[PDB]
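Residues per chain, in single letters:
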Amino acid sequence: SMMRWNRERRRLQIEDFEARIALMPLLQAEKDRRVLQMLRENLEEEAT
Amino acid sequence: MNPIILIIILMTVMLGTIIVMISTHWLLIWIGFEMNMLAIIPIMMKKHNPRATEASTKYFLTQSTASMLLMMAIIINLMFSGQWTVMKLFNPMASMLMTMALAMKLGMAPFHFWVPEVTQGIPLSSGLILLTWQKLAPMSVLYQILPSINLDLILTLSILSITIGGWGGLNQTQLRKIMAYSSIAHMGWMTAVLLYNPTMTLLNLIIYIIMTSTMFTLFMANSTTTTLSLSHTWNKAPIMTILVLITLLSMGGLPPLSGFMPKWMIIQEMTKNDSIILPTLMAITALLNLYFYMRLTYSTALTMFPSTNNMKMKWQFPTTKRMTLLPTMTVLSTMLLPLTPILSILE
Amino acid sequence: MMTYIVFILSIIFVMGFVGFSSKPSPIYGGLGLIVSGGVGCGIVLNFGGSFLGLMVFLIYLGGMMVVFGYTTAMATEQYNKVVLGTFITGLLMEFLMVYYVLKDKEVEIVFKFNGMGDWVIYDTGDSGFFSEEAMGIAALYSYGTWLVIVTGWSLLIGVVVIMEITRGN
Amino acid sequence: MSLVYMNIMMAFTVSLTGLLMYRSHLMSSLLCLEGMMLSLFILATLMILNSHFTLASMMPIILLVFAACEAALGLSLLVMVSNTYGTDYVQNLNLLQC
Amino acid sequence: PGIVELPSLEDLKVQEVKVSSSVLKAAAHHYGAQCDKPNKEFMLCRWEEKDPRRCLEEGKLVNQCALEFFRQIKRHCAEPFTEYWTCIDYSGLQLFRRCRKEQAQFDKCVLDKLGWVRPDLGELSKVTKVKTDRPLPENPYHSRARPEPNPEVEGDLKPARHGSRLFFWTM
Amino acid sequence: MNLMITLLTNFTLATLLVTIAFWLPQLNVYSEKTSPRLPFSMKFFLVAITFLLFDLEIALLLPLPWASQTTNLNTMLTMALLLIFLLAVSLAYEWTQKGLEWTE
Amino acid sequence: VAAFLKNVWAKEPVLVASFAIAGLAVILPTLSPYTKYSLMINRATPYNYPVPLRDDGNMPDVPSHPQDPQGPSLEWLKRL
Amino acid sequence: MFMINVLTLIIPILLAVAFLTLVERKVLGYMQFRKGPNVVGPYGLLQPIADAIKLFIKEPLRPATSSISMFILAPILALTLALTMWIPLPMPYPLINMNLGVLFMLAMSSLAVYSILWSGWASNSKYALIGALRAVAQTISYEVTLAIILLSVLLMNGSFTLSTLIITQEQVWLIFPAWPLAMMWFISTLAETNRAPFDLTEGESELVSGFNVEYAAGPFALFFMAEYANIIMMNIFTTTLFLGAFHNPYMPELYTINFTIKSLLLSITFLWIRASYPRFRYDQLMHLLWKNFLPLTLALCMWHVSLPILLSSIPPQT
Ligand SMILES: CCCCCCCCCCCCCCCCCC(=O)OC[C@H](COP(=O)([O-])OC[C@H](O)COP(=O)([O-])OC[C@H](COC(=O)CCCCCCCCCCCCCCCCC)OC(=O)CCCCCCCCCCCCCCCCC)OC(=O)CCCCCCCCCCCCCCCCC
Ligand SMILES: CCCCCCCCCCCCCCCCCC(=O)OC[C@H](COP(=O)([O-])OCC[N+](C)(C)C)OC(=O)CCCCCCCCCCCCCCCCC
Ligand SMILES: CCCCCCCCCCCCCCCCCC(=O)OC[C@H](COP(=O)(O)OCCN)OC(=O)CCCCCCCCCCCCCCCCC
Ligand SMILES: CCCCCCCCCCCCCCCCCC(=O)OC[C@H](COP(=O)(O)OCCN)OC(=O)CCCCCCCCCCCCCCCCC
Ligand SMILES: CCCCCCCCCCCCCCCCCC(=O)OC[C@H](COP(=O)(O)OCCN)OC(=O)CCCCCCCCCCCCCCCCC
Ligand SMILES: CCCCCCCCCCCCCCCCCC(=O)OC[C@H](COP(=O)(O)OCCN)OC(=O)CCCCCCCCCCCCCCCCC
């Protein structure tokens, strides 16, 4: 029973990780624009 | 002790030393020192009397403090270098702490205050292991970290070790304390030449281990722990007085013997680097070592002290001790000065 | 105040070390080292070392300091000036260091030290569906093969050594 | 550098100067030795977590295991000293002056 | 040292995908099936340039293709998708395994009205190849010139001239 | 944060219970009552040290449920069985050399 | 060996079950046909990102899309 | 709102500890062919209240203590650890959902021996200290098999997360793949809480529980209610660990009813073990640990390491 169910849990883990992988380009694009937004804000307030 | 357990524990001592000698990671260096101390503690408590428990406790406290200062030096190295390679240290504070930790592990002065107590508290075989084999791993680490060793620190430790190991042995009548203060003076000689030429450091360490192994093996084969018990050796085995004579004359640094080889090569490599005052003061300070060596030769070989009557019974029995490599070590400790350019094999 | 939480726990850590290191008795010294181990565990937990902090509680405080209090109970007897004086000495040295590195945002005892909260030096990214600390500890079995060999050999030898030196013969 | 490293190193030096200045008890000496180990543990852990140096996450565990086995060795030495002299006092360990 | 060069706040303006994480996780398999090419252009540019300032146009193309994806869902299958991400959204771990009938309805309506096929177990973790027009970064670490090495040893090994030359030892 | 709030609440409730249980029975004024080294065992210390060393071996064993996820499974299984075997060998040496005696 | 085994099973059955369970745990994964699949499943679990390749022109085995035929497959894991 | 949740954890813990004394005295009554309390309340329901009010107005006994500070801190630590063992328990949702709840509970239970040790220090009698050291050696002995059985079971779980252990047991109770671990777990948790047949402090085989001995001891109610919080907690932890119930994520009350019924049956099983057997001698439970449980625990630990590898049933990390 634990054999069948842990194999099912591994297949479900792979499905979760593929959802994460399919979302990682969008999250990486948003993260890049996020950090460049915050650095540009810090740069302008450092200039003033 | 079980002989199986004895062999496994000595292999673990040797294993900790080898792990220090081969590993490229600082954690494994620290692991090797931990394994070495953890395995040598039963060798010191082989006979189970309060002097061995006191000696093992003092040895534990000193080597534990040095191991923790070693790990602090390693941690400051991981701060200021982000890595773990056993090479030069990337901070003078880590270099100072590691040089202090290795000075405590070697028992160099002014961290020398455990070596005669611990050497007196333990048997002659465990004292042999402590004064020969336990010098190998910290000198290997000092051999590897020498691009970052502070010169003034290591030479202060060196000359202070030579001077205190000279004056310490002049007051002694116990043989193990004489060998321990001899150890302190010779470790000063080894670390004085380290930043100049560490091949001569390895030469001094090898000649020292040969001569100290010869003296501890003669002291085991005669079962003598004091000066005055060594004085009865002429009436028991007169060849042993000859061998301790030539080995003590060797360890004093007299030519044509091989104990002159290391100090002559050390003076030879320190004058090249424009240091004249320091090898001259080191050479003059080693005359104290020669003085208490000649005291022991006077008490053993050159005169005949009074014996007792019960020695006549011991005339009727041979030595059934395994005097292992004693003729080989006696020949190598005395007649090796014509083979002085053999030192290049340690380059 | 709350951005300085690791710093405040580290001040409690140094105060606990001045507490037990001034050595009132091995019982109260054990208590001070227990409280110090707990707050230093909290310091480790506030960087994301959850497994390593639970290793502090489970192994350090859980086994080793329990064995220290156990052995103290077999070696001390149940029923000063120097302890309290050295306590307030270390406390004043620590608070003068706190006051300098807070009013100046800079100090140099042996190294130069920042005076801001140590939140500043963190990473701004994620680790995905794992802990990096957990995976690095999990690699003791696939990458730390030699490390496991020497650690297990030292522990087996340690069992042998304790049975030798406590035997008395 | 960072502010917490000052306190962890100062904790190491406080437990050092505690360990380097004995009062009476060998147990308090061993407590100072393991406080030195505790400060080393925290300092190594903060470096390794701060650096995201993944493989050295197993380093403080190996430090903890080796030094707690060392502590067990020291407690057994203290136990043999206490069975010899009745107490664990470091002024009873003075036979090796002569 | 030099001044860091940052893009202006006008260059960081894009129409964001202002949905929740359960909305994304519910749509993630069809998003990985359909929005493949700008996403992999962006991740190739992101692992090759090693700089998020050289990847802003590919980030905008990702952020635009994702919006086209959700608009194309919204025109055909808004209600099965809404029921499905609500069921995904209830769970604290956001389990796929608690939501198989709403997934079946969403996949049925998506396959019928849009022709999209959900990826199988193993496909969205494949390593794919990307055809780009941007050049390969020739020095992405901005490394300077390496130091010239020490000379190697060369030649035949002759005996030592007059031996060891240690003070009087003639060999 | 919520963990710290919960720890403070548990510590506060415990200290409140202890303070009540010491000061509430001091309300009733009672009749003031006016009438009127330990032996060492080696086995007690040895069971504690045996605990400490096997607990360090357990500290080595604790990352196993994360260690099974590796791609180097043959090395991982070898070192896992090797640590449990060294724990068993420590137990066997503790057995056969009379270490587990009279606290067996 | 049959007298010793029955004798140790009569006197110390806890140790016999101990050594039997330990010996099965040692020699059994080298004899099991599913020990291959443990390695196969652990190397197929996608923790990191599948960082794509620059299409130079000659990579016939690498797919261009996740749903393409070529590439590594997990049909053995769906079926087993 | 969170403090409401903390209080609705910790106050029903104290009420359940109060009525566990009633359930103990009743169930031990009927097993001993008599009744338990039925006079003080209707069916005995006022017996915990009357007994608590009696214990809180009773005089501090006779003597004084060796150390005031540890005499205060040992019940504080005992009650604090007994209350913090409940916060990661997934029933179906833990109060503090942490990734390492198992290791948290193992560490906080390892910290519980300091209360016994400090109450042995704080007593003036040198014989009560010996009894405390025997109890500390017992508890640290059985913590070894707690740790290794817990590790062997978590090799089928995938993580130290307690909430994942509900997901692990969705197809079968985990007592089916691990019943020898489950029975050695149950007996080792029995020997953890100083519970009969392992209660050597509260019984004989004890150098100090011997009628008209010295030793100022703490207020008995605090250590007693810490001990019963630990008993209910270790039975709930065994229920989560081996007999995990059905969880509908839309109806959490089904899981709460189911784990509550199983935890009550398992605590009554503690009550039914203490009313069925004589006590171990001290070296007999040292024998039971070191020569009986620990070899099987190491063998089954090797088995549960190598078994998901040979069956291709390695659980996921997440
Ligand atoms: C067809 C295939 C076969 C063809 C075969 C052709 C040959 C046929 C003959 C075969 C036998 C050859 C034997 C060796 C050749 C002669 C080597 C020689 O004399 O070198 C002169 C060597 C340098 O003089 P040279 O005029 O420049 O060279 C003449 C040749 O061209 C020397 O030639 P080189 O330039 O090549 O010399 C190389 C170099 C040249 O030397 C140097 O570059 C200068 C450094 C020499 C060492 C300085 C060390 C200073 C500190 C130690 C002081 C030791 C004090 C003396 C001993 C005290 C008691 C042990 O020598 C060394 O590095 C070796 C070190 C010294 C060992 C000499 C050989 C001894 C073998 C027999 C040992 C028996 C025990 C003797 C006493 C032990 C000590 C020698 O002088 C010395 O070393 C002074 C001492 C005398 C050496 C021993 C004489 C050999 C015969 C001894 C028989 C009597 C034994 C009495 C009983 C035992 C003692 C109580
Ligand atoms: C989680 C819910 C509850 C779980 C179940 C627990 C409920 C039942 C509780 C009953 C009351 C117990 C009260 C305390 C009892 C303490 C005493 C006691 O039992 O001591 C244990 C006794 C101790 O032994 P002993 O003292 O009885 O016997 C004498 C021992 N010598 C010889 C050393 C002197 O037995 C054990 O230690 C057994 C532990 C568990 C065994 C697990 C068996 C696994 C079998 C696997 C297969 C084996 C076949 C061979 C290999 C095949 C391979 C394919
Ligand atoms: C860069 C360097 C790298 C490394 C290079 C090599 C370094 C070598 C360092 C050698 C250190 C040797 C330390 C002593 C040996 C260790 C084991 C031991 O203790 O053996 C002695 C043994 C014990 O027997 P036991 O019964 O316990 O003793 C009481 C007496 N009945 O038996 C006895 O007590 C019997 C008495 C005789 C014992 C003689 C042992 C001599 C061993 C050393 C030989 C010389 C060293 C090798 C050659 C030089 C190498 C540089
Ligand atoms: C190969 C796989 C890996 C194996 C290593 C891993 C082992 C895991 C289990 C850990 C066990 C730890 C403790 C081991 C101690 C062994 C020594 C021992 O117990 O000897 C004493 C015992 C007699 O007991 P006694 O001393 O009298 O106890 C007091 C009560 N009478 O003496 C005996 O009872 C005899 C003990 C030896 C014979 C046991 C035979 C068991 C056979 C089972 C089937 C084969 C399994 C494969 C392994 C090979 C076994 C030969
Ligand atoms: C989560 C669930 C937790 C549950 C906890 C409680 C479990 C037990 C529940 C209660 C069971 C019934 C209790 C009945 C107690 C006795 C009541 C009574 O009538 O007592 C008689 C006594 C004297 O009355 P008298 O006026 O003399 O009558 C002579 C008649 N001619 O009259 C008196 O003494 C005065 C009246 C006293 C009434 C006491 C009632 C019980 C109080 C218990 C405290 C907790 C209350 C619940 C809190 C949690 C729920 C909100
Ligand atoms: C005698 C003195 C008085 C005695 C009575 C009172 C003290 C004893 C009882 C209290 C013991 C406290 C133990 C608290 C820490 C336990 C470990 C821990 O934090 O685990 C929970 C969790 C780890 O899980 P994870 O999910 O990985 O992390 C969250 C990230 N998602 O990690 C987290 O959630 C991290 C949360 C932030 C960090 C919390 C730090 C707590 C405060 C510092 C320590 C306080 C205790 C100090 C004293 C200990 C005992 C001497």
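Residues numbered from 1 in each chain as written, not as in the entry; some residues may be left out. Chains lettered and ligands numbered in written order. Part of a larger assembly, values for the part shown. Heavy atoms only, no water.

Method of determination, as annotated in the archive: cryo-EM, at 2.8 Å resolution.

Looking up chain C in the PDB entry gives the name NADH-ubiquinone oxidoreductase chain 6, with the organism given as Ovis aries. As recorded in the PDB, this entry has the title "Complex I with NADH, open2". The record in UniProt for chain C states the following under Subunit: "Core subunit of respiratory chain NADH dehydrogenase (Complex I) which is composed of 45 different subunits." (UniProt positions renumbered as here; feature names shortened; annotations may be inferred.)

*Asks:* I'd like a description of the overall build of chain C, backed by residues and values.
*Replies:* On a plain count of helices and strands, chain C comes out with 6 helices and 2 strands. In chain C, the succession of helices and strands from N to C terminus is α-α-α-α-β-β-α-α. Taking 2.2 N^0.38 as the reference for a compact globule, 169 residues should give roughly 15 Å; the C-alpha atoms of chain C span a radius of gyration of 20 Å, well beyond that estimate. A principal-axis box enclosing the C-alpha atoms of chain C has dimensions of 60 × 55 × 25 Å. A burial count over chain C gives 60% of its 169 residues as buried. (Helix = DSSP H or I, 4+ residues; strand = E, 2+ residues; numbered from the N terminus. Rg over C-alpha atoms; globule rule 2.2 N^0.38 Å. Buried < 20%, exposed > 50% of the residue type's maximum accessible area, 1.4 Å probe, protein only.)

*Asks:* Could you give an account of the site of ligand 5, with specific residues and numbers?
*Replies:* The environment of ligand 5 is formed by H:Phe19, H:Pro42, H:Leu45 and H:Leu46. Burial of ligand 5 by the protein chains amounts to 16% of its free accessible area of 1,100 Å². (Near = heavy atom within 4 Å. Areas by Shrake-Rupley, 256 points an atom, 1.4 Å probe, with all protein chains shown as cover.)

*Asks:* Can you explain the interface of chain D and chain C? Please cite residues and give values.
*Replies:* In this complex, chain D contributes 57 residues to the contact, which on the side of chain C involves 74 residues. For the pair chain D and chain C, the summed buried area comes to about 5,500 Å², and 81% of that belongs to carbon and sulfur atoms. Applying the counting criterion to the chain D and chain C interface returns 0 salt bridges. Where chain D meets chain C, there are 10 residue pairs in polar contact. Mapped onto the side of chain D that touches chain C, the elements with two or more residues apiece are α1 (3-19), α2 (26-51) and α3 (59-85) of chain D. Among the elements that line the side of chain D that touches chain C, the one with the most residues is α3(D), at 17 residues. (Contact = heavy atoms within 4.5 Å. Buried area = accessible area lost by both parts, 1.4 Å probe. Salt bridge = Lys/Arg side-chain N within 4 Å of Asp/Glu carboxyl O. Polar contact = N/O pair within 3.5 Å; in protein donor to acceptor, adjacent residues only side chain to side chain.)

*Asks:* An account of the pattern of salt bridges is requested, with residue identities and associated values reported.
*Replies:* Summed over all chains, the structure comprises 27 salt bridges over all chains. Its salt-bridge partner being E:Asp51, residue E:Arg53 comes within 3.1 Å of it at the nearest N-O pair. The class for E:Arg53 is partly exposed, based on a relative accessible area of 26%. Under the relative-accessibility criterion, E:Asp51 is labelled buried at 14%. F:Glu101 serves as the salt-bridge partner of H:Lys291, at 3.7 Å between the closest nitrogen and oxygen. Of the two residues, H:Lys291 sits in helix α11 (residues 282-311) while F:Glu101 sits in the segment after α4 (73-96), which places them in two different chains. Each of E:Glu48, E:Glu49, E:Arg134 and G:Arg54 takes part in a single network of salt bridges with overlapping partners.

*Asks:* With reference to specific residues and values, describe helix α8 (residues 179-192) of chain H.
*Replies:* All names here are of chain H. Taking 1.5 Å as the rise per residue, α8 with 14 residues should run 20 Å; its terminal C-alpha atoms sit 19 Å apart, in good agreement. The buried fraction of α8 is high, at 10 of 14 residues. Three or more residues of α8 are buried, namely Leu181, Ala182, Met184, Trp185, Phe186, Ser188, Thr189, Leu190, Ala191 and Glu192. Buried residues in α8 make contact with α6 (126-154), α9 (220-242), α10 (252-274) and α11. Positioned one or two residues after α8, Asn194 has a phi angle of 50°, which is positive. (Expected span 1.5 Å × (residues − 1).)

*Asks:* Got a sec to walk through the UniProt feature "transmembrane region" in chain C? Specific residues and values, please.
*Replies:* All names here are of chain C. In this numbering, the UniProt entry assigns the feature "transmembrane region" to residues 1-21, 25-45, 47-67, 82-102 and 143-163. The span residues 82-102 shows a helical share of 100% and a strand share of 0%, and its end C-alpha atoms are spaced 30 Å apart. Segment residues 143-163 splits into 90% helix and 0% strand. End C-alpha atoms: 32 Å apart.

*Asks:* An account of the packing of aromatic side chains is requested, with residue identities and associated values reported.
*Replies:* In total, this model carries 39 aromatic pairs over all chains according to the counting rule given. Look at C:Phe47 and C:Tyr122: their rings are 5.3 Å apart centre to centre, the planes differ by 75°, and that puts the pair in the edge-to-face class. You can call C:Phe47 buried: its relative accessible area is 15%. Its relative accessible area of 35% is what places C:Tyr122 among the partly exposed residues. Both rings, one in E:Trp47 and one in G:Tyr49, keep their centres 5.7 Å apart while their planes meet at 5°; by these two values the pair is stacked. On the criterion of chain membership, the pair formed by E:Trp47 in helix α3 (residues 36-49) and G:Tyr49 in the loop between α3 (35-42) and β1 (53-54) is interchain, its members lying in two chains. Looking at G:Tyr49, the relative accessible area reads 9%, which means it is buried. An aromatic cluster is defined as three or more aromatic residues linked by ring pairs; in this entry it consists of E:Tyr31, E:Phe69, E:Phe70, E:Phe81, E:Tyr84, E:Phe106 and E:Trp116. (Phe/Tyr/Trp six-rings, centres within 6.5 Å; stacked < 30°, edge-to-face > 60°.)

*Asks:* Before we move on, could you go through the environment of H:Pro75 and cite the residues and values that matter?
*Replies:* Tracing the chain through its elements places H:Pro75 in helix α3 (residues 68-84). Taking the C-alpha atoms as reference, H:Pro75 lies 6.1 Å from H:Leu222; in sequence the two are 147 residues apart. Residues in contact with H:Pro75, not counting those within four places in the same chain, are F:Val18, H:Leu222 and H:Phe223.

*Asks:* Any chance you could break down helix α4 (residues 56-76) of chain E for me, citing the residues and the numbers?
*Replies:* Note: α-helices contain 3.6 residues per turn, so residues at a spacing of three or four share the same orientation. Across its 21 residues, α4(E) extends 31 Å between first and last C-alpha, which sits within 8% of the 30 Å expected from 1.5 Å per residue. Turning to α4(E), its buried residues are E:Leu56, E:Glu58, E:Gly59, E:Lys60, E:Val62, E:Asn63, E:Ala66, E:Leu67, E:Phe69, E:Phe70 and E:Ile73. Residues of α4(E) that are buried in the fold lie against α1 (2-47) of chain A together with α1 (21-26), α2 (28-34), α3, α5 (78-90) and α6 (100-113) of chain E.

*Asks:* Let's hear about the environment of B:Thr173: which residues, and what values?
*Replies:* Residue and element names in this part refer to chain B. Relative to the helices and strands, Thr173 is located in the loop between α8 (151-168) and α9 (175-192). Along the chain, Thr173 and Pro42 lie 131 residues apart, while their C-alpha atoms are 27 Å from each other. Here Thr173 is in contact with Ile178, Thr226 and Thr227, once residues within four sequence places are set aside.

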